[PDB]
Every structure is written in C-alpha cells, then in structure tokens.
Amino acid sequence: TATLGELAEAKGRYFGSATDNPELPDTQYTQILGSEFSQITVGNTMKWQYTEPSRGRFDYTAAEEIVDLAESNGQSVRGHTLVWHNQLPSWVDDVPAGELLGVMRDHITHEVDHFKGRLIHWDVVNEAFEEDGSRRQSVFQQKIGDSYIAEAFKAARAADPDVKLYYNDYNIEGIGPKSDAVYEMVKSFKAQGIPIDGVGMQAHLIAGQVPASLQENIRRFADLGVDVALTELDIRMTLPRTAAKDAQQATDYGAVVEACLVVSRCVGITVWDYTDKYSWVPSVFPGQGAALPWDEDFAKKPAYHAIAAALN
C-alpha cells in the first residue's frame, strides 16, 4: 500500500536512502529507489576525493547526476560530506599546515555554493571524534587545531544561509563518552553563535545491540535546540541469515524508528542504501552483512514490515 516515504511524510518526517552512481544502471534498483523513498543522500560523489581531485579544480559531475535524479522523483536531497578524514585526495596532506584552513574554507565554499538551494541538509563535518570522546587526530585537527570544526560550519553558513548544517558521526546513538563530546560541542557552538542546525547519528548498528538510551539521547540533543536525523541506518548481523536473526533485526528496526517518531525534532531516517545487494557492510565488516530492509533479490524482509508498522 503506502511506501515508507509516504508513511514517514504523513508524520512530518522523511524516509530515504543513500545511493551511488554505479548502481543507477540497475533498473529494478532505481524503480524502487525512486518510488519508495522521499529523500536521497549522495553516497560517494559529493566527497572531497571526487569534487576537488586536484587543488582548486572542482568536479560536481557525478554528484549532479544523483541530485537531478532525486529532483526528478520529487525527493529531497542531503549533501554528504564536506570535511572528512577519509576519501580525501592525496594533495590535501601536502598542503602547508598554515594554508589548510584557507583550503578547507575554499573547498566548502565552492561545493556549498554550487548546490545552493537544492539540498535540505549538508553533513559539514564527519567523524571528528574518537570513541573516548577526544578529537580524532586527522589532518584538519592536527594542522588547524580544535577550531577547524567551527570554521567549517561558519564557511558553510556563509555560502548558503538556508540549508541545514549537520555534524555527522557514528556510535553516538546511545548516551556515552562519544555522544557526550558531541553534546558538549553543540552546547559550546550554540553559546558562541557558531552555526549548526542538527546532529546526524549515522546509526550503523549491530543486530541485538541497539542502545537502549537511543531515545533519551535524541531528546537531549533536541532540547539543545538542534534537529536530529538518523543518517546512515543499517543493522548488520553475523552471517548467515536465519529466521531468528531476521526477527531480531526487525525488532531492532522498529525500535529505532519508534525512537525517532517520539522526538519532535527527529526530522527523518536514511538507510545507507536499501538492498543488501549494494550494502557497504560486507566490504568493511568481514563475516557480517544482510543489514538492510531489502535482501539481494529485492525481497522485503521482516525488517521492512517492522519499519512500516512503526511508521504506522
């Protein structure tokens, strides 16, 4: 009957999926991508290695394709991601330390300016913290210092005043040292007048291990005055799939969706792609997989039933 996007929209939220250029040829895949979801995230081609492969020379070719596709289906789009220590072109490491801040600002200005007025959110900075809450020692942190995050948000706001600016990270779904650090940063930013409109909880979860404090965590961020979004939701399991594992995964998906629906400022959910066929999990987590609502043959799993039921 109604799609996840339609059910989500009926509750003032969006339900979308990330995608990547190489997948678009898959006709069965795109038909579902374009009809089931109300939002799309550019999976890879908005990343630094693609948009600015050589210093000062920008390339939005691949990203534009996905943005146009989303627009064609009437789907909103999330930009991902401007500042990240991963998938960074090699020339960035060679930039003299004293020049890096200026380079990061430039990268941000161009990309945000080019897509201005077409995206709903921008993941401005991604994974800037370690598990214990200390700063990840990336090229930006090391050469620019602690203010690089704040500078990144300022630059972004200066290039597009209407788009929502998000801080994105993983393992910040439950209350803990990592989410506390993000919590403090957001508090710090609000007090200093540093622009930031939301926190993106990637939500790359493990079946049977969903943080029970998820909802309370979403709520405290919302009380700080920022929106919250589950940006790259997937719940992996150790293969092979079994009925019991699928059922546990379904229960998990339902609890995650319910948590968002209970908090007024949880604007939406995005799954890191929607079919196991293209999930990034197997490639990064050896022995793990089957983390999405649709399996490799596009059959909806019990997980799908739970998501729809939670959305109502």
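The first residue of the shown sequence is 1; numbering continues from there.
Mean C-alpha temperature factor, higher of 264-272 and 280-288 = For C-alpha atoms only, the mean B-factor is higher in 280-288.
Entry-level comparison of average CA B-factors, 74-82 and 188-196, reporting the higher stretch | Comparing averages over the C-alpha atoms only gives 188-196.
Among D132, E111, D169, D234, which residue carries the highest C-alpha B-factor recorded in the PDB entry?
-> Highest CA B-factor of the listed options: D132.
Against its chain's modelled residues, does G208's Cα B factor rank lowest, middle or highest third?
-> Highest third of the chain for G208's C-alpha B-factor.
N217 - Cα temperature factor, lowest/middle/highest third of chain | Middle third, going by the recorded CA B-factors of the chain.
Going by what the PDB entry lists, where does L311 fall on CA B-factor within its chain: lowest, middle or highest third?
-> CA B-factor rank for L311: highest third.
If you rank every modelled residue in this chain by C-alpha B factor, which third holds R105: lowest, middle or highest?
-> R105: CA B-factor falls in the lowest third of its chain.
Entry-reported Cα temperature factor of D93, expressed as the chain third it lands in | Highest third of the chain for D93's C-alpha B-factor.
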